[PDB]
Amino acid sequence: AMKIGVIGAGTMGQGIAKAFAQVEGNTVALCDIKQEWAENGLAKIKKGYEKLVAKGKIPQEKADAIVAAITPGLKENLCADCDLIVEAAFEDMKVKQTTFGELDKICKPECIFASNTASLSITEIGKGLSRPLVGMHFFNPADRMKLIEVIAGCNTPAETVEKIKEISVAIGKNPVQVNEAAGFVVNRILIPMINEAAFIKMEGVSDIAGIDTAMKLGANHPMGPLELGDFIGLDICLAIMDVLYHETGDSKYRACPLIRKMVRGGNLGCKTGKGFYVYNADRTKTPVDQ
């Protein structure tokens, strides 16, 4: 028995709502700024489940049971008796401090405040609050990836972190404790990978398909780093690289200019149909270097 409020109905908010709603005994309030926005979020969840049912990867009952646990609305209306708040709204500092400032008055004292941010400081978001703010970082798709990075801020008490650890185990995830630093663990290791592969291509060491083939066969990775950058989104990789660079001040994390040029041109990868690979209707992908 647990009531979970997810603030933000975009991609990540939908996946987090699904992650909690999969576990029996959990109810999710999927909130956003405008009521229609949260309705579109749940409709996008409903539309996604109808596809998995057609492809025979989920029973219709389970999809219906999951959807019936998610209620769209406003945090003023649905988050009073919540036990956990996981915010997953737009990555803007002021918006996050405003959301949690309002939630501090709406929610009961026992409610735990968590944020799914990846680019902003857990410490700075929850500065003026009356209760701890902790990082609960999921990975796309949140309902299937089993990792959760638990982020301890400068003033987050150890009990707050432990509670998030139990909640993660209860929903069938594997919590990993991270003391707040740019990129945490996964992003800090994974995104410089893609960056290095781009440097390799830009410097003419090898070609795109070669670079990806080498990392798949030589390191037994599931995807090549350039394939992965297209899938993750090159605009997101560029932002992570720049955040790592600005937080540390270390030229080690300087972004590859080839990546910066591609983002400027709108070649963001899978979501625009073209990145390091061109994605064609026949489900064929070809490297832009032919």
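Residue numbers here begin at 1 and follow the sequence given.
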* Structure fact -> When mean C-alpha B-factors in the record are compared for 71-79 and 183-191, the larger belongs to 71-79
* **Mean C-alpha temperature factor, higher of 251-259 and 34-42** => 34-42
* Among the candidates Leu120, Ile85, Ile200, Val150, give the one with the maximum CA B-factor reported in the record. => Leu120
* Structure fact -> Per the deposited B-factor column, the C-alpha that peaks among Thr213, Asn174, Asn220, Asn116 belongs to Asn220
* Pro132's Cα B-factor: lowest, middle or highest third of the chain? -> middle
* Structure fact -> Among the modelled residues of its chain, the C-alpha B-factor of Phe138 falls in the third labelled lowest
* Entry-reported Cα temperature factor of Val205, expressed as the chain third it lands in -> lowest
* To do: Using the B-factors in the PDB entry, rank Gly10's C-alpha atom against the chain and give the third, lowest, middle or highest.
  => middle
* Taking the chain's C-alpha temperature factors as the reference, tell me which third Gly269 falls into: lowest, middle or highest. => middle
